[PDB]
Amino acid sequence: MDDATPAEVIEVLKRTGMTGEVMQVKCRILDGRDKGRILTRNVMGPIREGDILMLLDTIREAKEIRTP
């Protein structure tokens, strides 16, 4: 229904001024099935601990090996 769970930024990762393009922040699951789940993602804009982010289930891709 909600897909993503409501959470508030707890920790922010900031290293030096401009060194990339997108800023990354740390947030911890405030509620959900996992709860306490902390995930890090790159988000553009001045966002620091205290903000609210959405936790969407990440799908893992399978790596295929190609032989000659």
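- Per the deposited record, the coordinates in this entry were obtained by solution NMR.

Concerning the pairing of strand β1 (residues 5–13)
One face of the sheet, then the other: side chains in a regular strand alternate in exactly this way.
Phase 1 of the analysis: Of the pairings in the sheet, the one linking β1 to strand β4 (residues 52–55) comprises four bridges and is antiparallel in character. Each bridged residue has a counterpart across the sheet, and for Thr5 the counterpart in β4 is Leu55.
Phase 2 of the analysis: Strand direction decides the pairing type here: β1 and strand β2 (residues 23–29), joined by six bridges, are antiparallel. Residue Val9 lies in a different strand from β2, and its bridge partner there is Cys27.

Some remarks on the nonpolar core
Phase 1 of the analysis: Of all hydrophobic cores here, the largest spans 10 residues; its members are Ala7, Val9, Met23, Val25, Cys27, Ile29, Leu39, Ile47, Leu53 and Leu55.
Phase 2 of the analysis: Counting residues per element, the ones that place at least two in this core are β1, β2 and β4.
Phase 3 of the analysis: Here the element with the most residues in this core is β2; it accounts for four residues.
Phase 4 of the analysis: Aside from chain neighbours lying at most four places away, what touches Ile29 is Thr5, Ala7, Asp34, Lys35, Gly36, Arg37 and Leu55.

Description of the sheet that holds β2
Phase 1 of the analysis: Within the open sheet, the four strands sit side by side as β3-β2-β1-β4. Their pairing is antiparallel. A strand with exactly one partner marks an edge of an open sheet, and here the two such strands are β3 (38–43) and β4. The mean inter-strand angle of the sheet, taken between neighbouring strand axes irrespective of direction, is 45 degrees.

Some thoughts on the pattern of salt bridges
Phase 1 of the analysis: Evaluation of the coordinates by the stated rule reveals two salt bridges.
Phase 2 of the analysis: Note that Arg37 and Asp34 form a salt bridge whose closest N and O atoms lie 3.5 Å from each other.
Phase 3 of the analysis: Given a relative accessible area of 40%, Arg37 falls into the partly exposed group.
Phase 4 of the analysis: Of the charged contacts in the structure, one is a salt bridge between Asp51 and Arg48, with a shortest N-O distance of 3.9 Å.

Calculation criteria
Residues numbered from 1 in each chain as written, not as in the entry; some residues may be left out. Heavy atoms only, no water. Pairing = 2+ DSSP bridges. Helix = DSSP H or I, 4+ residues; strand = E, 2+ residues; numbered from the N terminus. Core = buried A, V, L, I, M, F, W, Y, C linked by side-chain atoms within 4.5 Å. Buried < 20%, exposed > 50% of the residue type's maximum accessible area, 1.4 Å probe, protein only. Contact = heavy atoms within 4.5 Å. Axes fitted to C-alpha atoms, helices over the stretch in contact; angles between N-to-C directions. Salt bridge = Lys/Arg side-chain N within 4 Å of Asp/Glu carboxyl O.

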